[PDB]
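Notes for the structure review
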Amino acid sequence: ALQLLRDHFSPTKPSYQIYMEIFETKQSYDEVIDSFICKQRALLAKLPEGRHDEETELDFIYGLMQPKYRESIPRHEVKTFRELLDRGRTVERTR
Amino acid sequence: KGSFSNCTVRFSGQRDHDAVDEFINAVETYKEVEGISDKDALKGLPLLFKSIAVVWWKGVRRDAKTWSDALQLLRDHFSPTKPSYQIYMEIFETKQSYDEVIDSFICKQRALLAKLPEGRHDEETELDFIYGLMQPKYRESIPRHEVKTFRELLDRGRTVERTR
Amino acid sequence: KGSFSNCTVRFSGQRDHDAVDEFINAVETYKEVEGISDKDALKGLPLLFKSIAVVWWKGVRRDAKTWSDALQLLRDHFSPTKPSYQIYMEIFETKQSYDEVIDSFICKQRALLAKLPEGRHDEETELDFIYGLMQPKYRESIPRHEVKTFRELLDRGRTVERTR
Amino acid sequence: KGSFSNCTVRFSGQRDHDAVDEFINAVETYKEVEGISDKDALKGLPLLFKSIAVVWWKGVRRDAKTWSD
């Protein structure tokens, strides 16, 4: 009954809709990085598991961000997904 | 039995320090009052999150294995846990204005000062900052070194408030 | 080798803490270096005053009997030993303006923090009281909880100053 | 023959390389000419400061232990 409730309403939409959706919205200005990375991970977790390593997700998040963050955070500094938020919140607090 | 059925206090992630601090305080007092054990509280946690935050709990659930680390994560992801230096540069930030009741000012100052670490400031030290920031409607007739206890400031301020 | 013959440092009566403390420390240091006895040092004290203060010494000559009493009396009649709340209001009034060196700000603020009663503050809250008034030219790079002592703040301030 | 009694050259805090290097070289030269020991030279060092720098020496007194330091 739980699977029957899941099957009709949230139908596990295919891959190309998700891949076209993760690029249909950039990061608007004066928006905090926490809700952005939360919505991006929640939309990216619909993919088949085991199809993406840890390295491939980070490049997409970096490309998506506003130029408030890209000029002070360059690529190859961060590897794990937590250090991006760790180096973002300091620049946010400094403003 | 029964643990964390429902209550009025629910959390929604509104990015402000006051709401998250009141939520953490209310949950922390409810945990000691009702007698909910430590290991059983982690299972009944997503009954409170009915907001954008229930999407957030699906992402970072595996980082927490104890109640204390989960509470610290809920604090860390939403509230920047302001240090002492911003508090000290924010206390003298504003002064006292005209036509303001002294009790609201003293309540605001003590509520903004009680977030400091306990045991570093005794009773003599705190009085100096409040006396320095007093509106000169109060400082002309109430000088320093006449008051010792913290009640004496309010008890001598109410008479000057009544005298008008 | 003599006993207060002639020297450059004299005292006038300028009514400030810095000049009085400098004159007293220089005289106290000279007495220790040259090696003069306590009874011989008090006879040569009007050889240093040159101003209003010598008229002050023509009147209060019969109150001094030892060297320590005369030094404490000179500290008492001129240095007014300001209370605590004026100091705590004086620290938070003037922020660090742009284009000013770190070392002048740090030495002036340390000389202002020395006026409090001794033993009331540690080193950590001392640095926490000073970390809230610096320019954003220095606060963008070095964060809190990384600088533990009062020397490493200058050690990392001189690096950012050279970099520009 | 004495130990830093009084002299014309003093230091203020002018924040420049030339004045600081001149003052340090003149003091270092005077110590070598007059023949003063290293332990006796550090006790007489506040007899030369006359400015903001004496307030700087009232705070950082406990960091110095030798003459070279």
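Sequence positions in this view are assigned from 1 along each chain in the order the sequence is written. Entry numbering can differ, and residues without coordinates are absent from the display. Each chain is given a letter, starting from A, and each ligand a number, starting from 1, according to the order in which they appear as written. Values throughout apply to the part shown, which belongs to a larger assembly of chains. By convention in this description, side-chain values take in all heavy atoms of the structure and omit both hydrogens and water.

- Looking at the method and resolution fields of the entry, one finds cryo-EM and 3.9 Å.

A closer look at the overall build of chain A
- Along its length, chain A carries six helices and zero strands.
- Only DSSP runs of H or I reaching four residues or more are called helices, and only runs of E reaching two or more are called strands; each is numbered from the N terminus. Helices and strands appear in chain A in the N-to-C order α-α-α-α-α-α.
- At 16 Å, chain A has a C-alpha radius of gyration far larger than the 12 Å of a compact globule built from 95 residues.
- Taken over the C-alpha atoms alone, chain A extends approximately 50 × 25 × 25 Å along its principal axes.
- Here chain A, with 95 residues, has 26% of them falling under the buried criterion.
- Residue contacts are counted whenever heavy atoms from the two residues lie within 4.5 Å of one another. In chain A, the share of contacts with a sequence separation of at least 24, taken over all contacts with a separation of at least 6, comes to 52%.
- Only four residue types enter the charge count, namely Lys and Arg as positive and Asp and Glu as negative; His and the chain termini do not. Taken as the charge location is NZ of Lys, CZ of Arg, CG of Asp or CD of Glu. The distance from the centre of the 16 positive side-chain charges to the centre of the 17 negative ones in chain A is 3 Å. The globule rule is 2.2 Å times the number of residues to the power 0.38, and the radius of gyration it is compared with is taken over C-alpha atoms. A simple rule labels every residue: compare its accessible area, found with a 1.4 Å probe on the protein chains alone, to the largest value its type can have, and call it buried under 20%, exposed over 50%, or partly exposed in between.

A short note on a nonpolar patch on the surface
Residue and element names in this part refer to chain A.
- To count toward a patch, a residue needs a relative accessible area above 30% and no salt bridge. Like charges then connect within 9 Å, nonpolar side chains (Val, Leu, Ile, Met, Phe, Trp, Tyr) within 5 Å. A 1.4 Å probe and the Shrake-Rupley method give the accessible areas. Residues count as covered only by the protein chains that appear here. Counted as salt bridges are all cases of a side-chain nitrogen of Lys or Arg within 4 Å of a carboxyl oxygen of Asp or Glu. On the surface, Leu-2, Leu-5 and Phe-9 cluster together to form a nonpolar patch covering roughly 400 Å² of accessible area.
- Note that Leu-2 resides in helix α1 (residues 2-9).
- Here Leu-2 falls in the exposed class, since its relative accessible area comes to 65%.

Quick notes on unusual backbone geometry
All names here are of chain B.
- Not every positive phi belongs to a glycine, and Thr-81 is a case in point at roughly 45°.
- Turning to its location among the elements, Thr-81 is positioned in the loop between α3 (67-78) and α4 (84-91).
- By relative accessible area, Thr-81 is classed as partly exposed at 49%.

Topic: the packing of helix α3 (residues 33-44) of chain A against helix α6 (residues 81-94) of chain A
Residues and elements named next belong to chain A.
- Comment: axis = line fitted to C-alpha atoms, over the contacting stretch for helices; angle = value between 0 and 180 degrees taken between N-to-C directions. Following both chains from N to C, one finds α3 and α6 inclined at 160°, their axes separated by 11 Å at the closest point. Taken together, α3 and α6 sit at an angle that is classed as roughly antiparallel. Crossing geometry of α3 relative to α6 is assigned as right-handed. Mapping the contact onto sequence places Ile-33, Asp-34, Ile-37 and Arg-41 in α3 and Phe-81, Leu-85 and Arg-89 in α6.
- Of the residues that constitute the contact of α3 with α6, the class distribution is four nonpolar, no polar and three charged. By definition in this entry, angles of less than 35 degrees are roughly parallel, angles greater than 145 are roughly antiparallel, angles of 65 to 115 are roughly perpendicular, and the rest are oblique. Two helices cross in a left-handed way if the nearer one is turned anticlockwise from the farther one by less than a right angle. They cross in a right-handed way if the turn is clockwise. We call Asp, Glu, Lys and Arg charged. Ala, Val, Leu, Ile, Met, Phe, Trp, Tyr, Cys and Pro are nonpolar, and the rest, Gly among them, are polar.

Comments concerning the packing of aromatic side chains
- Side-chain rings of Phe, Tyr and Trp, where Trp is taken by its six-membered ring, are said to pair if the distance between their centres is within 6.5 Å; with planes under 30 degrees apart they count as stacked, over 60 as edge-to-face, and otherwise as tilted. What the rule picks out here adds up to 31 aromatic pairs over all chains.
- Look at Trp-56 of chain B and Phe-78 of chain B: their rings are 5.7 Å apart centre to centre, the planes differ by 90°, and that puts the pair in the edge-to-face class. On the criterion of sequence distance, the pair formed by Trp-56 of chain B in helix α2 (residues 53-57) and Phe-78 of chain B in helix α3 is long-range, its members being 22 residues apart. The same class applies to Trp-56 of chain B as to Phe-78 of chain B, namely buried.
- Pairing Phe-49 of chain C with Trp-57 of chain C gives two aromatic rings, centres 6.1 Å apart and planes at 55°, and the pair type is tilted.

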